[PDB]
Amino acid sequence: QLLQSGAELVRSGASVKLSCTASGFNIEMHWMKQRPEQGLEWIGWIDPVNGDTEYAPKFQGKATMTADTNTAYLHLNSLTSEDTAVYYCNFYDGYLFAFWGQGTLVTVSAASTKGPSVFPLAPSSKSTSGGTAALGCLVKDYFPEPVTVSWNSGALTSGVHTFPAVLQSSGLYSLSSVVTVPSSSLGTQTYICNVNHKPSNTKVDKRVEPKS
Amino acid sequence: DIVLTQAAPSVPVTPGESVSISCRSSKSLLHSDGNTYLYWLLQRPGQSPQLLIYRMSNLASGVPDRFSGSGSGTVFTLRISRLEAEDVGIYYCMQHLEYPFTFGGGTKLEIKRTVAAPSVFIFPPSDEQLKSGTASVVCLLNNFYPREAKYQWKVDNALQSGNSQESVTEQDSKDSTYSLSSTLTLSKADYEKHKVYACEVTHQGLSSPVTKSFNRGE
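Residues numbered from 1 in each chain as written, not as in the entry; some residues may be left out. Chains lettered and ligands numbered in written order. Heavy atoms only, no water. Residues with missing side-chain atoms left out of burial classes, pairs and counts.

- Per the deposition metadata, X-ray crystallography was the technique used to determine this entry, at a resolution of 3.10 Å.

Below, the structure is given as structure tokens:
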């Protein structure tokens, strides 16, 4: 099981170094790049013990891979908007035990980081469906991607829809996270969305309540 | 480099039934040591990819029998039998032959299910947001099938355009339905200039179009 420390915002022409830590093994690694709404692309291969590093045709002058023995490192340079993408490190053992990291988003923009505002999408029950009632959180006006929403600190997951973020004409992002819930349970039980925007060091716990 | 071709979109399948995805290639696909290094991977929505089959036809850890890979020469096929609703995702083919390792354009697998009418909800702007200069009004269309749905914002019975933005979830892994949210953004003043805010939804699963609405101040 391997995690990679991501969420990078850099200006067109800068350079980044992404980490990739390992919590089980370290032999055999591979890097890949996924444009935000596109197929996968292969970066390259690194031998943990000996820096024997093949690279793709377009990442030759861009990508550089290292390892410290228990992490891997990928350094990119001369980043344009076409490098804004998710970066995965995977260590396949040749047989049937391929592992992958959760990915690292690299946004290439001049825009400033902005923390999100978190507003309730309050249910009514009186003015809602009969069986279930929907409530939610609006996470508005943040940059860069991504934000993460949980409900009741990960305890509530059934019938949660966290939507994809949309980029507004203002150049800022905004997503909604809704959850449906039996209307009987309202008022008695507590519903709280946990918004986390790492690039701006913003964590918000917003208690969503019926309108009073 | 070698060009891999998936060339297959939806054509939605029913759970229980089977389906196959193709991968068209240009090269021999045979390492002079016995093996063929075509690999099939699944990427579930909002997740890192995972290994399905490694040597054209061998099964990785965990992948059940119903998955079988096999092709003819350079045209490879992944067959998924006993389709589950949780098989939604994008299926990519890659190869470990020519050193520039290339994926294909992937294939999005959409699962068929019974027509489901969306449950519609409308959310007025929070007072806190109204403290600032903007008012956001949210409309939720929950758990419908199929994908094609229609909605219209209506402020005091007047159509809106230009001022709305929509997001759509992926097909659910469990009930294989879609959800959709639309946000209508107005200045506080313009918001306070009207009474009835309404979202009107039209879907195959509805008898007549449904209209959810609220009135400023309740």
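### Topic: the sheet that holds strand 12 (residues 164-168) of chain B
All names here are of chain B.
Line of reasoning, step 1. Sheet architecture is open: four strands sit in the order 8-9-13-12, paired in antiparallel fashion. What marks the edges here is a single partner per strand, and that holds for strand 8 (119-123) and strand 12. Put simply, the sheet's adjacent strands are angled 15° from each other on average, direction ignored.
Line of reasoning, step 2. Here strand 9 (residues 134-144) pairs with strand 13 (residues 178-187) via nine bridges, running antiparallel. Among the inter-strand pairings, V138 is bridged to a residue of strand 13, identified as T183. (Pairing = 2+ DSSP bridges. Helix = DSSP H or I, 4+ residues; strand = E, 2+ residues; numbered from the N terminus. Axes fitted to C-alpha atoms, helices over the stretch in contact; angles between N-to-C directions.)

### Some details on the domain arrangement of chain A
Residue and element names in this part refer to chain A.
Line of reasoning, step 1. What the domain assignment reports for chain A is domain 1 (2-108) and domain 2 (117-208).
Line of reasoning, step 2. Residue-level contacts link four residues of domain 1 with five residues of domain 2.
Line of reasoning, step 3. Around 350 Å² of area is buried between domain 1 and domain 2 when both sides are counted, 89% of it from carbon and sulfur atoms.
Line of reasoning, step 4. Counting the surface domain 1 buries against domain 2, the share from its top three residues, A7, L9 and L105, is 78%. (Domains from an automatic or database assignment. Contact = heavy atoms within 4.5 Å. Buried area = accessible area lost by both parts, 1.4 Å probe.)

### What about the side chain of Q34 of chain A?
Line of reasoning, step 1. Mapping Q34 of chain A onto the fold places it in strand 4 (residues 30-34).
Line of reasoning, step 2. The exposure class assigned to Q34 of chain A is buried, which follows from its relative accessible area of 9%.
Line of reasoning, step 3. Here the side chain of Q34 of chain A touches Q43 of chain B through a polar contact of 2.8 Å, side chain to side chain.
Line of reasoning, step 4. Setting aside anything within four residues of it in sequence, one finds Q34 of chain A in contact with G39, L40, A85, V86 and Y88 of chain A together with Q43 and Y92 of chain B. (Buried < 20%, exposed > 50% of the residue type's maximum accessible area, 1.4 Å probe, protein only. Polar contact = N/O pair within 3.5 Å; in protein donor to acceptor, adjacent residues only side chain to side chain.)

### Section: the sheet that holds strand 2 (residues 38-43) of chain B
Residue and element names in this part refer to chain B.
Line of reasoning, step 1. Read across the sheet, four strands follow the order 3-2-6-7 without closing on themselves; strand pairing throughout is antiparallel. Of all the strands in the sheet, just strand 3 (50-53) and strand 7 (108-109) have a single pairing partner and so form its edges.
Line of reasoning, step 2. Pairing of strand 2 with strand 3, which is carried by three bridges, proceeds in the antiparallel orientation. Note that in strand 3 the partner of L41 across the bridge is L51.

### Re the interface of chain A and chain B
Line of reasoning, step 1. In this complex, chain A contributes 47 residues to the contact, which on the side of chain B involves 45 residues.
Line of reasoning, step 2. Those elements that place two or more of their residues in the side of chain A that touches chain B are strand 4, strand 5 (40-46), strand 12 (117-121), strand 13 (132-142), strand 16 (166-167) and strand 17 (173-182) of chain A.
Line of reasoning, step 3. Of all the elements, strand 13 of chain A adds the most residues to the side of chain A that touches chain B, at six residues.
Line of reasoning, step 4. In the side of chain A that touches chain B, the residues fall into 26 nonpolar, 15 polar and six charged. (Nonpolar A, V, L, I, M, F, W, Y, C, P; charged D, E, K, R; others polar.)

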